[PDB]
Amino acid sequence: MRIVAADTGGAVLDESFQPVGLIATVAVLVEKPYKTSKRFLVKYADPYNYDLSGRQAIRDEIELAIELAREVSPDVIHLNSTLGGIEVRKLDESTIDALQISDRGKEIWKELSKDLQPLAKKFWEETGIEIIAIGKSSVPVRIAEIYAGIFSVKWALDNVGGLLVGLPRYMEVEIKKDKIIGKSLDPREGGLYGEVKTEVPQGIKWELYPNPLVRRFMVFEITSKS
Amino acid sequence: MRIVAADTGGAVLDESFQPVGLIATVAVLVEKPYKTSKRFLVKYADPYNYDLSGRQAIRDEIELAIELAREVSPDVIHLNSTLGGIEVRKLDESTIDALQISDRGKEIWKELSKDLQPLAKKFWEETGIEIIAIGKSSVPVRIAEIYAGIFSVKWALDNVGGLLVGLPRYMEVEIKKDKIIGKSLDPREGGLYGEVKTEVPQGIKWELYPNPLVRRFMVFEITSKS
Amino acid sequence: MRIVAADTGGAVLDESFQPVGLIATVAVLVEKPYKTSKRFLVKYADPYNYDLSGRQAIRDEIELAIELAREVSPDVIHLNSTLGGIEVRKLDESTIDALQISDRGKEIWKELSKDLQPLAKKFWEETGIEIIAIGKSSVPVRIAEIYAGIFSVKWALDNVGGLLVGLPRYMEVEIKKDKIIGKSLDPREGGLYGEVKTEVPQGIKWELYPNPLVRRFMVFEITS
DNA sequence: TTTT
DNA sequence: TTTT
DNA sequence: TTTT
Ligand SMILES: [Mg+2]
Ligand SMILES: [Mg+2]
């Protein structure tokens, strides 16, 4: 099976660990053994002019996933929304009410349907590829999330006297001479990881530590040596 | 305390990772320090003629657990159903509605009661040993589950041009010349493991990797060198 | 950020692994990098005369947290009750009705409000420090919990003809010549740990293993 | 309720 | 539904 | 709500 998935993750935090805005939207191609991705795309947001509430992310995600899918022709696209695996081209007012989600979730998706359903429909017509709202269940979506963490740190290195990056849940990053490696901290996930080439700037220091206000989320903090 | 527990686990998957049927039912004796089992029984199902909605699994589990219990005389039997630890001999329509479980769960157990309650009652009459529906809370149940994973792999090695075995949640297997070792991938469980003797066939290769459709579950795939 | 948090944890178990009563209430000061605590206080309960339904735990916790806070002057106090981070000084029946929790949870806290809310208000007046009900989301709270586990083992060392101590969730302890080290078993938490100096008595054996009745909780067993 |  |  |  060959899967394209997408996710948005990584946030700039203020000094009291409150998120300001999100950083990276990433689409990944994932193939057996489903532990990493070697082909991916990134779109960076502007975290300082981001509306955290909300849902530009999912629109950016589906667009980027389709863009990558047109190049690599996967079997399926996984979208990061836990709706039971329903095909997005089949999302209408009727099918959304039948969904086992909260009443806010239903109204959010009734609005999102207006743009996303025709998009998925046109893409399925062209290719036969479904876009499914699978979310938390998907390993490719979790690999996309790890890459969103990595690219958030890349963005921070490229855009830093100090920056706090809130990473996606329970993942770590490691800085190497010419690359950033991201890994899940959950061994139950079976060793999921990512790697992105980058040049690491001089004159800065970094540390990774637990976000004290959000258990199981880590903070990557960059500080200037000057 | 000395505990007998049982579980059914391991599934044949098709090439799109959809389960076809379950493989192994295992009963274990677990004693201090409650990390493994040295005395156990296995019953193999036929996964290609399995009713995944049938729920023959729990009938097989209680039967195999009672069979092992008659040999080793434990303090208690742990059954894999998370009902709050109620004794199975006490399961009637009255006690089932009082349980804090789903209405689907209540309707399943009202039907299961008709066979299982008399079975547990007669075993308690004979021995004084309770069969309790403890499920997810039980470490002996998790150890039975790990052994079901190991035995599913043994079954696959013995019955394979290629096979996909979906393992129980977050566990790995290791193949040695003369045995299979199974371990939980969750360090929070305190190091649960199992080991089964077997002959490993020639002319085949194997791989263990994440199920892309079911996060925190692994696939053990066997392929012929053919 | 500088944080005081508190928790009650660790339990005496009987021979069928049933809890009898809780042991340690611990207040910790937590600072960057938020992985441990070097400054903490402990209050021991009497586990053989403990009411597990009583919610004396949270009253002991807030008192000890305040006691430590007066000494180390933190930015905020984290209380181990998952109410979304609401300020305790702002807890009246109306705000409790609005909380996204169970109806039992609501009835418990309407009763707790009667004593704890005036305490938080007066403390906020004195220092400007909030006491927020953040609970499961707080790392300092988990560090307090790990320290409760450590102190429960210290209690066991101090009181052992044989004892079974049920530790807080997924943590381990190690006894060294002059200290007890506690660690989270969950690597997702990022390496949380604690350490307490104590004199280790002679003539004893100990073992750590899974509670067979409560998955992901360990038992510390000590014998003379 | 259980199963991957 | 999603975000730290 | 919390506890093993
Ligand atoms: Mg995500
Ligand atoms: Mg606690």
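The figures here come from the full heavy-atom set of this structure, side chains too, leaving out hydrogens, waters and symmetry mates. Per chain, numbering begins at 1; letters A, B, ... match sequence-line order.
Side-chain contact annotation: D14(B) with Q18(B), donor-acceptor N/O pair under 3.5 Å absent. Looking only at atom types and distance, the side chain of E61(B) has no donor-acceptor partner in the side chain of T25(B) under 3.5 Å away.
Across the protein-nucleic acid pair, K136(B) atom NZ and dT4(F) atom P stand 21 Å apart, rounded to whole Å. What separates NE2 of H78(B) from P of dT1(D) is a distance of 19 Å, to the nearest Å. In this structure, CG of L52(B) is placed 12 Å from P of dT3(D), rounded to the nearest angstrom. Spacing between atom CG of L167(C) and atom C1' of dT2(F) amounts to 17 Å, rounded to whole angstrom units. Atom pair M1(C):CE and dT4(E):P shows a separation of 19 Å (rounding to whole Å applied). Counting to the nearest Å, the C1' atom of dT1(F) and the CD atom of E107(C) are 10 Å from each other. Taking atom CD on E61(C) and atom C1' on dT2(F), their separation rounds to 8 Å, with Å as the unit. In this structure, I134(C) places its CD1 atom 16 Å from P of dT1(F), rounding to the nearest Å.
Within the 4.0 Å cut-off from OP1 or OP2 of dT1(D), at least one side-chain nitrogen or oxygen of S102(B) is found. Dashed line: the shortest gap from a side-chain N or O of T82(C) to OP1 or OP2 of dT2(F) is under 4.0 Å.
Checked against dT4(D), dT1(D), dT4(F), the side chain of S81(B) finds its nearest nucleotide in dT1(D). Taking only side-chain atoms of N80(A), from C-beta outward, the nucleotide of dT1(D), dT3(F), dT2(E) with the closest atom is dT2(E). Of the candidate nucleotides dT3(D), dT1(F), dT4(E), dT4(E) has the atom lying nearest to any side-chain atom of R169(A). Minimum atom distance to the side chain of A11(C) is reached by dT4(F), of the listed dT4(F), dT1(E), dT2(E).
In this structure, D60(B) reaches neither bases nor backbone, as no heavy-atom distance under 4.0 Å exists between it and the strands shown. Residue contacts shown for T8(B) are limited to sugar-phosphate atoms, with no base heavy atom under 4.0 Å away. Heavy atoms of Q100(B) sit nowhere under 4.0 angstrom from any nucleic acid atom. Looking at heavy-atom distances under 4.0 Å, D51(B) makes no contact with the nucleic acid at all. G21(A) comes within contact range of no nucleotide atom at all, as no heavy-atom separation falls under 4.0 Å. As judged by a 4.0 angstrom heavy-atom cut-off over every strand, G135(A) is placed among residues making no nucleic acid contact. As judged by a 4.0 angstrom heavy-atom cut-off over every strand, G166(C) is placed among residues touching the sugar-phosphate backbone only. Looking at heavy-atom distances under 4.0 Å, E145(B) makes contact with sugar-phosphate atoms alone, never a base.
When all heavy atoms of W109(A) and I96(A) are compared, the pair lying nearest together is O-CD1, 3.3 Å.
Side-chain N/O atoms of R55(B) and base N/O atoms of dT1(D) include a donor-acceptor pair closer than 3.5 Å.
Ring-centre distance between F17(C) and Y34(B): below the 6.0 Å cut-off.
Along DNA chain F, the nucleotide nearest to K106(C) and the one nearest to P168(C) differ in position, and the one closer to the 5' end is contacted by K106(C). Position along DNA chain F of the nearest nucleotide to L83(C) versus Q18(C) favours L83(C) as the more 5'-ward residue. The residue among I108(B) and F17(B) whose nearest nucleotide of DNA chain D is located toward the 5' end is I108(B).
In this structure, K106(C) does not pair ionically with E111(C), as no charged nitrogen and carboxylate oxygen lie closer than 4.0 Å. Note on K110(B) versus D92(B): no salt bridge recorded, every NZ/NE/NH1/NH2 to OD/OE distance being 4.0 Å or above.
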